[PDB]
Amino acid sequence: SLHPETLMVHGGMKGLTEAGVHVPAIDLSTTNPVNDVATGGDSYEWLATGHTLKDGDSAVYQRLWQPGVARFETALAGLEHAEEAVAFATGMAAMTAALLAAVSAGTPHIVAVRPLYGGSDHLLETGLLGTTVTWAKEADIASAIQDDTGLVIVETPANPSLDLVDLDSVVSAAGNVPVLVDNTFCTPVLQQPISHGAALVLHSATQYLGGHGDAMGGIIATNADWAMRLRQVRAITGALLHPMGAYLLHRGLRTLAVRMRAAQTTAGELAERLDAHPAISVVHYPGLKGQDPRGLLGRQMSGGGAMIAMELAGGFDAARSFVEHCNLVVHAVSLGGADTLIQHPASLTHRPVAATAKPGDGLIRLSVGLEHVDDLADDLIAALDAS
């Protein structure tokens, strides 16, 4: 019954007002005492087998359950409209757990759609976790699926070029196979993959959910079956989210709508000014005219986002000079933060990607922050004029 702006502030804050406290406490306890051998043992088995902690039951150990992490999990699950959510140390740890869950189930094959984040792409290419990958285009998903396929890894807008994918078509092509959508760039503010029929939704909480570049994290909003499988892997592989990391990511969700709306407004205006510059040939931004032929803005995405990628006319040398002459905009990886960042994907985020699949050498990715539009445009224009 409440709007998403209200649910970002009060999500995962259940029972705190009733207990006479304002924010969730940070419990650093590694162990959690048990009342007796029978209840302690049953709670251990329930949690180790991937189940949610029962109300009025001991967490037993942090690798089995953490209350602060659990609050962050229920907060994001409510925003994505998923049954449950499982949080890990990083976005890669969440990807690792989802791949190990599929391998453990007897479905090691993965049908993935490029572009994807460099690490997600490299982890599937190497097959470190016993996975086999089949790189397929959006239209050729149904054909690429084998009896051995466990998941369909997709991402929209893609990292770095912001390639869009119709989630309704992907779910239709996947059939009985579950679809994993990496909704890091859009966030639950702009896109809700669960509504389109995605089984699991991955987020690199490090970006946008944290929002201040000071909390690493990874989280998958999904149904109870996949949450149980992810928790089974988490309890034995232990890629845990620290109680303070969970606190800051949950804290960041309270300002996610106001931060996304402010950065999106700045980005929509910057993409127009940057397209007009002669040094830039192509500007990739969903909110621009022509960039949305399938009509996914409105239907799937309630906004253009705060990420802008661009192809330089002078190729690699112009792209290199552009990031090196930025002063206010900082040359660094990561996104969704309070400050504006810029980077060459082929040299940093997508460096472990295969040569054939690497992004363009003239391409530059930018994360728009909460600074004034004029000060960011002045700095980016001066950097382009330096070449």
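In this text, residue numbers run from 1 along the sequence as written.
Colleague: Please compare 354 to 362 with 335 to 343 and name the stretch with the higher mean C-alpha B-factor in the deposited structure.
Modeller: Higher of the two, by average CA B-factor, is 354 to 362.
Colleague: Taking the recorded C-alpha temperature factors, which stretch has the higher mean, 108 to 116 or 203 to 211?
Modeller: Higher mean C-alpha B-factor: 108 to 116.
Colleague: Highest recorded C-alpha temperature factor, please, choosing from 148, 83, 73, 80.
Modeller: Among 148, 83, 73, 80, the highest C-alpha B-factor in the entry belongs to 148.
Colleague: Going by the deposited entry, which of 174, 92, 219, 124 has the highest CA temperature factor?
Modeller: Out of 174, 92, 219, 124, the record gives the largest C-alpha B-factor to 174.
Colleague: Quick check on the deposited entry: does the C-alpha B-factor of residue 302 sit in the lowest, middle or highest third of its chain?
Modeller: Its C-alpha B-factor, which the entry lists for residue 302, ranks in the highest third among residues of this chain.
Colleague: Test of reading the entry: by CA B factor among the chain's modelled residues, which third contains residue 321?
Modeller: As the PDB entry reports it, the C-alpha B-factor of residue 321 lands in the highest third of its chain.
Colleague: Hey, what third does residue 309 fall into on Cα B-factor, ranked over its chain?
Modeller: For residue 309, the deposited C-alpha B-factor lands in the highest third.
Colleague: Among the chain's modelled residues, which third holds the C-alpha B-factor of residue 50?
Modeller: As the PDB entry reports it, the C-alpha B-factor of residue 50 lands in the middle third of its chain.
Colleague: Quick check on the deposited entry: does the C-alpha B-factor of residue 186 sit in the lowest, middle or highest third of its chain?
Modeller: Middle third by C-alpha B-factor.
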